[PDB]
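> What follows is run_4.pdb, made up of PDB, C-alpha atoms (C1' of nucleotides):
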```pdb
ATOM      1  CA  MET A   1      19.418  12.258  32.986  1.00  0.00           C
ATOM      2  CA  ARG A   2      19.758  11.629  29.257  1.00  0.00           C
ATOM      3  CA  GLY A   3      21.237   9.128  26.837  1.00  0.00           C
ATOM      4  CA  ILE A   4      18.753   6.324  26.234  1.00  0.00           C
ATOM      5  CA  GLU A   5      17.082   5.940  22.856  1.00  0.00           C
ATOM      6  CA  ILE A   6      14.472   3.741  21.278  1.00  0.00           C
ATOM      7  CA  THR A   7      15.417   2.776  17.735  1.00  0.00           C
ATOM      8  CA  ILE A   8      12.466   1.763  15.567  1.00  0.00           C
ATOM      9  CA  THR A   9      13.174   0.014  12.280  1.00  0.00           C
ATOM     10  CA  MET A  10      10.021  -0.223  10.200  1.00  0.00           C
ATOM     11  CA  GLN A  11       9.994  -3.593   8.448  1.00  0.00           C
ATOM     12  CA  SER A  12       6.728  -3.212   6.588  1.00  0.00           C
ATOM     13  CA  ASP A  13       4.849  -0.231   5.277  1.00  0.00           C
ATOM     14  CA  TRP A  14       3.273   1.579   8.175  1.00  0.00           C
ATOM     15  CA  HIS A  15       0.334   3.807   9.043  1.00  0.00           C
ATOM     16  CA  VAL A  16      -0.192   5.767  12.249  1.00  0.00           C
ATOM     17  CA  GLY A  17      -2.030   8.380  14.110  1.00  0.00           C
ATOM     18  CA  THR A  18      -4.770  10.196  12.302  1.00  0.00           C
ATOM     19  CA  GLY A  19      -8.472   9.897  11.664  1.00  0.00           C
ATOM     20  CA  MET A  20      -8.361  12.209   8.664  1.00  0.00           C
ATOM     21  CA  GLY A  21      -7.590  11.977   4.962  1.00  0.00           C
ATOM     22  CA  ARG A  22      -6.288  14.129   2.132  1.00  0.00           C
ATOM     23  CA  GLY A  23      -7.709  14.604  -1.353  1.00  0.00           C
ATOM     24  CA  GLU A  24      -7.323  11.065  -2.660  1.00  0.00           C
ATOM     25  CA  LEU A  25      -6.846   9.432   0.747  1.00  0.00           C
ATOM     26  CA  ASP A  26      -9.449   8.566   3.342  1.00  0.00           C
ATOM     27  CA  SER A  27      -6.802   7.930   6.000  1.00  0.00           C
ATOM     28  CA  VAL A  28      -3.688  10.117   6.313  1.00  0.00           C
ATOM     29  CA  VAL A  29      -0.741   9.311   8.543  1.00  0.00           C
ATOM     30  CA  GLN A  30       0.504  11.673  11.233  1.00  0.00           C
ATOM     31  CA  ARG A  31       3.255  14.122  10.322  1.00  0.00           C
ATOM     32  CA  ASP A  32       5.731  16.052  12.475  1.00  0.00           C
ATOM     33  CA  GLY A  33       6.517  19.763  12.215  1.00  0.00           C
ATOM     34  CA  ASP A  34       8.715  18.985   9.211  1.00  0.00           C
ATOM     35  CA  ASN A  35       5.678  17.407   7.513  1.00  0.00           C
ATOM     36  CA  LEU A  36       7.478  14.102   7.696  1.00  0.00           C
ATOM     37  CA  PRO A  37       5.915  10.930   9.096  1.00  0.00           C
ATOM     38  CA  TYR A  38       6.833  10.039  12.650  1.00  0.00           C
ATOM     39  CA  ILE A  39       5.698   7.779  15.470  1.00  0.00           C
ATOM     40  CA  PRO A  40       4.152   9.911  18.232  1.00  0.00           C
ATOM     41  CA  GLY A  41       5.505   9.291  21.692  1.00  0.00           C
ATOM     42  CA  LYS A  42       2.043   8.457  23.002  1.00  0.00           C
ATOM     43  CA  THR A  43       1.698   5.764  20.347  1.00  0.00           C
ATOM     44  CA  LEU A  44       5.188   4.522  21.152  1.00  0.00           C
ATOM     45  CA  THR A  45       4.561   4.589  24.921  1.00  0.00           C
ATOM     46  CA  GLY A  46       1.243   2.812  24.449  1.00  0.00           C
ATOM     47  CA  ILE A  47       2.695   0.155  22.168  1.00  0.00           C
ATOM     48  CA  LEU A  48       5.709  -0.484  24.384  1.00  0.00           C
ATOM     49  CA  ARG A  49       3.533  -0.524  27.499  1.00  0.00           C
ATOM     50  CA  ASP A  50       1.233  -3.126  25.927  1.00  0.00           C
ATOM     51  CA  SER A  51       4.189  -5.385  25.147  1.00  0.00           C
ATOM     52  CA  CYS A  52       5.486  -5.035  28.689  1.00  0.00           C
ATOM     53  CA  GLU A  53       1.972  -5.886  29.872  1.00  0.00           C
ATOM     54  CA  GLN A  54       2.261  -9.091  27.820  1.00  0.00           C
ATOM     55  CA  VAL A  55       5.587  -9.992  29.424  1.00  0.00           C
ATOM     56  CA  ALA A  56       4.286  -9.233  32.914  1.00  0.00           C
ATOM     57  CA  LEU A  57       1.088 -11.148  32.195  1.00  0.00           C
ATOM     58  CA  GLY A  58       3.239 -14.133  31.272  1.00  0.00           C
ATOM     59  CA  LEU A  59       5.493 -13.817  34.306  1.00  0.00           C
ATOM     60  CA  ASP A  60       2.360 -13.518  36.468  1.00  0.00           C
ATOM     61  CA  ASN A  61       1.177 -16.865  35.033  1.00  0.00           C
ATOM     62  CA  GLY A  62      -1.721 -15.030  33.412  1.00  0.00           C
ATOM     63  CA  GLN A  63      -2.931 -13.159  36.492  1.00  0.00           C
ATOM     64  CA  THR A  64      -4.426  -9.800  35.565  1.00  0.00           C
ATOM     65  CA  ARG A  65      -3.072  -8.262  38.780  1.00  0.00           C
ATOM     66  CA  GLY A  66      -0.004  -9.473  40.605  1.00  0.00           C
ATOM     67  CA  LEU A  67       3.640  -8.812  41.297  1.00  0.00           C
ATOM     68  CA  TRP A  68       4.801  -8.105  37.751  1.00  0.00           C
ATOM     69  CA  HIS A  69       1.758  -6.032  36.844  1.00  0.00           C
ATOM     70  CA  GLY A  70       2.816  -3.945  39.817  1.00  0.00           C
ATOM     71  CA  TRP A  71       6.163  -3.476  38.100  1.00  0.00           C
ATOM     72  CA  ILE A  72       4.377  -2.222  34.982  1.00  0.00           C
ATOM     73  CA  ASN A  73       2.480   0.311  37.080  1.00  0.00           C
ATOM     74  CA  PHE A  74       5.871   1.189  38.545  1.00  0.00           C
ATOM     75  CA  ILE A  75       7.635   1.763  35.233  1.00  0.00           C
ATOM     76  CA  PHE A  76       4.729   3.183  33.227  1.00  0.00           C
ATOM     77  CA  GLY A  77       2.622   4.595  36.068  1.00  0.00           C
ATOM     78  CA  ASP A  78      -0.836   3.675  37.294  1.00  0.00           C
ATOM     79  CA  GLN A  79      -3.848   4.235  35.062  1.00  0.00           C
ATOM     80  CA  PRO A  80      -6.265   6.013  37.424  1.00  0.00           C
ATOM     81  CA  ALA A  81      -8.873   6.542  34.698  1.00  0.00           C
ATOM     82  CA  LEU A  82      -9.541   2.801  34.632  1.00  0.00           C
ATOM     83  CA  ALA A  83      -9.694   2.100  38.359  1.00  0.00           C
ATOM     84  CA  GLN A  84     -12.971   2.807  40.116  1.00  0.00           C
ATOM     85  CA  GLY A  85     -14.095   2.973  43.691  1.00  0.00           C
ATOM     86  CA  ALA A  86     -12.020   4.099  46.658  1.00  0.00           C
ATOM     87  CA  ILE A  87      -8.493   3.619  45.352  1.00  0.00           C
ATOM     88  CA  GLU A  88      -6.516   5.088  48.264  1.00  0.00           C
TER      89      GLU A  88
ATOM     90  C1'   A B   1       2.818  30.923  47.313  1.00  0.00           C
ATOM     91  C1'   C B   2       4.849  25.725  42.784  1.00  0.00           C
ATOM     92  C1'   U B   3       4.219  21.941  35.571  1.00  0.00           C
ATOM     93  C1'   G B   4      -1.437  17.166  37.504  1.00  0.00           C
ATOM     94  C1'   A B   5      -1.046  12.030  36.811  1.00  0.00           C
ATOM     95  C1'   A B   6      -2.472   8.108  33.358  1.00  0.00           C
ATOM     96  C1'   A B   7      -4.458   6.974  28.246  1.00  0.00           C
ATOM     97  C1'   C B   8      -1.658   3.055  21.012  1.00  0.00           C
ATOM     98  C1'   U B   9      -6.289   7.144  16.555  1.00  0.00           C
ATOM     99  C1'   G B  10      -7.285   2.366  16.985  1.00  0.00           C
ATOM    100  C1'   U B  11     -10.990  -1.809  15.601  1.00  0.00           C
ATOM    101  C1'   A B  12     -13.601  -4.781  11.205  1.00  0.00           C
ATOM    102  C1'   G B  13     -13.000  -4.704   5.690  1.00  0.00           C
ATOM    103  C1'   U B  14      -9.354  -9.765  -0.542  1.00  0.00           C
ATOM    104  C1'   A B  15      -8.436  -3.522  -5.517  1.00  0.00           C
ATOM    105  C1'   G B  16     -12.069  -6.684  -6.840  1.00  0.00           C
ATOM    106  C1'   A B  17     -16.271  -8.558 -10.554  1.00  0.00           C
ATOM    107  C1'   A B  18     -17.135  -8.980 -15.885  1.00  0.00           C
ATOM    108  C1'   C B  19     -14.007  -9.205 -20.659  1.00  0.00           C
ATOM    109  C1'   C B  20     -11.343 -15.021 -26.301  1.00  0.00           C
ATOM    110  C1'   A B  21      -5.333 -10.931 -28.298  1.00  0.00           C
ATOM    111  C1'   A B  22      -8.620 -11.346 -31.761  1.00  0.00           C
ATOM    112  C1'   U B  23     -10.681 -10.323 -37.145  1.00  0.00           C
ATOM    113  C1'   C B  24      -9.224 -10.576 -43.031  1.00  0.00           C
ATOM    114  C1'   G B  25      -5.234 -12.684 -46.332  1.00  0.00           C
ATOM    115  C1'   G B  26      -4.022 -19.703 -51.750  1.00  0.00           C
ATOM    116  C1'   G B  27       3.728 -18.859 -50.588  1.00  0.00           C
ATOM    117  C1'   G B  28       1.718 -16.728 -55.210  1.00  0.00           C
ATOM    118  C1'   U B  29       2.953 -15.778 -60.515  1.00  0.00           C
ATOM    119  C1'   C B  30       4.774 -13.411 -67.488  1.00  0.00           C
ATOM    120  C1'   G B  31       6.265  -9.627 -70.905  1.00  0.00           C
ATOM    121  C1'   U B  32       8.257  -6.248 -70.114  1.00  0.00           C
ATOM    122  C1'   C B  33      12.619  -2.747 -70.710  1.00  0.00           C
ATOM    123  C1'   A B  34      15.504   0.833 -73.448  1.00  0.00           C
ATOM    124  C1'   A B  35      14.993   4.748 -78.175  1.00  0.00           C
ATOM    125  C1'   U B  36      15.900   5.861 -82.245  1.00  0.00           C
ATOM    126  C1'   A B  37      17.421   5.042 -87.575  1.00  0.00           C
TER     127        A B  37
END
```
Re-express the file's structure as structure tokens.

Amino acid sequence: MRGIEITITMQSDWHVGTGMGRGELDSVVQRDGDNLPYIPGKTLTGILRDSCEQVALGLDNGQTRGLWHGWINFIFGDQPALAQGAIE
RNA sequence: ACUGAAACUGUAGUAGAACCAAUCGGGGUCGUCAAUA
């Protein structure tokens, strides 16, 4: 399937993605193959996931695990690196 | 003889402290100008 997009309109000056700096800069933003700034899809997934986690956490009445947190693990997948013990 | 999955390069941090747009100056006062006959 194809056809969906996320449109991001940056409404203030923005910084993303890198723990490195250039000659006069101690923090340099991330740049695509065109050397142009871009929002990496892992940053965008992580940001959008977090905001869905907020919505689900509200719909769950603040429960950290529940029905709507299940839906987040449905849409964005489980995070097995967090869970510990015998997750079956 | 079969693509690992999942993971925000992020968190804290006042481009700021110091620095006189300032120093000196009577709104004043006299003989010049031209060259010949």
> Counting only C-alpha atoms (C1' of nucleotides), which residues of chain B sit at most 7 Å from some atom of chain A, and what is each one's closest atom pair with its distance in Å to one decimal, listed by chain and rising residue number, as CSV?

```
residue,atom,partner,partner_atom,distance
B:6,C1',A:79,CA,4.4
B:8,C1',A:43,CA,4.4
B:9,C1',A:17,CA,5.1
```
> Counting only C-alpha atoms (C1' of nucleotides), what is within 12 Å of residue 70 in chain A, bar same-chain residues fewer than 3 positions away, as a list in words?
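Close residues of residue 70 in chain A: residues 52, 53, 56, 57, 59, 60, 63, 64, 65, 66, 67, 73, 74, 75, 76, 77, 78 and 79 of chain A.
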> Emit the selected residues as a compact mmCIF listing (two decimals), in the coordinates of the input, including C-alpha atoms.

```txt
# COMPACT_ATOMS: atom_id res chain seq x y z
CA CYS A 52 5.49 -5.04 28.69
CA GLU A 53 1.97 -5.89 29.87
CA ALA A 56 4.29 -9.23 32.91
CA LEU A 57 1.09 -11.15 32.20
CA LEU A 59 5.49 -13.82 34.31
CA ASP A 60 2.36 -13.52 36.47
CA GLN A 63 -2.93 -13.16 36.49
CA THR A 64 -4.43 -9.80 35.56
CA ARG A 65 -3.07 -8.26 38.78
CA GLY A 66 0.00 -9.47 40.60
CA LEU A 67 3.64 -8.81 41.30
CA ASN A 73 2.48 0.31 37.08
CA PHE A 74 5.87 1.19 38.54
CA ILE A 75 7.64 1.76 35.23
CA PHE A 76 4.73 3.18 33.23
CA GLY A 77 2.62 4.60 36.07
CA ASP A 78 -0.84 3.68 37.29
CA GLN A 79 -3.85 4.24 35.06
```
> To one decimal place in Å, what is the distance between CA of residue 28 in chain A and CA of residue 15 in chain A?
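Here the two named atoms are 8.0 Å from each other.
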> Expressed in Å to a single decimal, how great is the separation between CA of residue 8 in chain A and CA of residue 39 in chain A?
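Calculated distance between CA of residue 8 in chain A and CA of residue 39 in chain A is 9.1 Å.
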> Provide the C1' of residue 7 in chain B to CA of residue 85 in chain A distance in Å, to one decimal place.
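It comes out at 18.6 Å.
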> Closest to residue 14 in chain A among A:38, A:83, A:32, A:1, using only C-alpha atoms?
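Closest candidate: A:38.
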